[PDB]
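This document opens with one chain alone, in structure tokens, the form deposited in one PDB entry.
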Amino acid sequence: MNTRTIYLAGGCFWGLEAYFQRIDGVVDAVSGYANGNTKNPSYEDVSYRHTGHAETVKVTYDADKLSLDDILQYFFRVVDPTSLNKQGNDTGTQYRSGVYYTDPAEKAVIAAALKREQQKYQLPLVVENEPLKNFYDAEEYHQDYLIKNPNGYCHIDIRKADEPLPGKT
């Protein structure tokens, strides 16, 4: 299988991870902390010690089934791209929105996607589009969170993953 990876920050990673996990074409989704100022941060550091990390989901997808563009469209369905350092009531830089790449060529793909998303928003988008500086997997307790805690906190409308993308069934 030909896979590609993209890093998405769209608030509490529990909901974002569960969201991408149910999408056909997504191989894996790992919750972690990205683009912060410290190394090997724990959930506590990120949540309270202002390390600068963003709760992020490392999404690995089948490059033969989905394009990066497709993954970004799924992303925009459940994240508010206009709120700075907060997704609803989850406030702080750890909840900032952004897309982090490992390949400089993807920068333009993300920029264009954001540009098109802006077309339908009255408010200016604040989603970050920058290189993945650093990424650290979150504690295993946080992996597959909603799958283990079927009632746990979920700020994402998970069923939106079920709807097909333009030109797909």
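Start at 1 with the first residue shown and count on from there. Shifts are known only where both forms have a C-alpha. The term rigid core refers to the most C-alpha atoms you can superpose between the two forms while keeping them within 1.5 Å.
Taking only CA atoms, the mean B-factor in the PDB entry is higher for 41 to 49 than for the other of 23 to 31 and 41 to 49. Higher mean CA temperature factor between 96 to 104 and 60 to 68: 60 to 68, per the PDB entry. When the modelled residues of the chain are ordered by their C-alpha B factor, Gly11 lands in the lowest third.
Omitted from view is the form deposited in another entry, to which the following refers.
After superposing the rigid core, the C-alpha of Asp90 moves by 2 Å or more between this form and the one not shown. With a change of no less than 3 Å, the CA-CA distance between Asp90 and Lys115 is smaller in that other deposited form than in the form shown. Three angstroms is the minimum change: in that other deposited form, the CA atoms of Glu17 and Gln87 sit farther apart than in this structure, by 3 Å or more.
Taking a Cα shift of 2 Å or more after superposition on the rigid core as the cut-off, the single stretch of three or more consecutive residues that moves between this form and the one not shown is 83 to 92.
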